[PDB]
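coords please:
(one chain, ligands or ions: 1)
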Amino acid sequence: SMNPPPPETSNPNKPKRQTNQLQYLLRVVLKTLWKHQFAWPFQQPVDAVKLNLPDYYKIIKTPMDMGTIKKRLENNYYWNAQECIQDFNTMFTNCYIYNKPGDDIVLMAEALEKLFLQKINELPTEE
Ligand SMILES: Cc1ccc(Nc2nccc(-c3c(-c4ccc(F)cc4)ncn3C3CCNCC3)n2)cc1C
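Residues are numbered from 1 along each chain as shown. Structure as follows:
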């Protein structure tokens with residue numbers, strides 16, 4: 001099986017805006033997570049072909065990854081910070097759904113998720 005197309009990261013029909021919360025998500029949250037020692041499996045769409053995971057996109061029907069999230073932020077694709085936060089949550093829950101408790105990739109996701117939650121606890125009030 002081929003990989004599916006990646007999620008949309010640009011739509012010229014969508015209205016755009018900048019908010020201090022979206023700037024924080026890009027400049028602080030995504031930066032902090034990207035540099036984490038466990039980030040690398042999460043920095044791009046899951047390449048099921050390359051990794052020989054025939055069942056990944058049979059099980060995961062709402063794919064998400066931090067590469068996609070970053071592109072969405074850089075493209076001003078998100079209107080609301082909540083959209084971005086949901087995409088992070090989708091990413092982590094996909095990892096948990098595909099794998100099993102205690103799997104190394106799951107422990108890696110948990111660590112990134114704990115860090116994510118800590119950073120979004122510091123999200124500035126909407127300016
Ligand atoms: C030792 C090793 C070698 C290569 C990789 N690379 C890699 N890249 C993208 C995906 C996954 C992956 C995911 C996954 C990752 C992100 C996500 F959002 C949802 C699911 N869930 C499982 N996997 C692999 C399945 C085969 N065994 C390695 C993990 N692994 C990782 C590790 C630990």
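
Let me know the distance separating residue 5 from residue 53.
Distance, residue 5 to residue 53, by Cβ to Cβ, to the nearest Å: 17 Å. Every residue, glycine included, has its C-beta placed from N, CA and C.

before we move on, what about residue 98?
Residue 98 is 8 Å from residue 53, by Cβ to Cβ.

Give me the more crowded residue out of residue 5 and residue 53.
residue 53 (17 against 8; other Cβ atoms under 10 Å).

how deep is the residue nearest to the more buried one when sequence neighbours are not counted tucked in, by neighbour count?
Nearest non-adjacent residue to residue 53, counting by Cβ to Cβ, 6 or more residues apart in numbering: residue 46, 7.2 Å away. By other Cβ under 10 Å, 22 other residues sit near residue 46.

For the chain, what lies in contact range of the ligand?
Residues of the chain found near the ligand (Cβ under 6 Å from any ligand atom) are 41-42, 46, 51, 53, 65, 91, 94-95, 98-99, 104-105.

In a markdown table, list those residues along with secondary structure.
Shown next, in a markdown table, are those (DSSP: H, G, I helix; E, B strand; the rest coil):
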| residue | secondary structure |
| --- | --- |
| 41 | helix |
| 42 | helix |
| 46 | coil |
| 51 | coil |
| 53 | coil |
| 65 | coil |
| 91 | helix |
| 94 | helix |
| 95 | helix |
| 98 | helix |
| 99 | coil |
| 104 | helix |
| 105 | helix |
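
Which among these count as buried?
Buried members of the residues of the chain next to the ligand, scored by 16 or more other Cβ atoms under 10 Å, are 41, 42, 46, 53, 65, 91, 94, 95, 98.

So residue 38 is in contact with residue 113, correct?
No - Residue 38 is beyond contact range of residue 113, at 10.2 Å (criterion: Cβ atoms under 8 Å).

where exactly do the helices run in the protein?
In the chain, the helices defined using DSSP state H lie at 20-24, 31-34, 56-59, 66-74, 81-98, 104-121.
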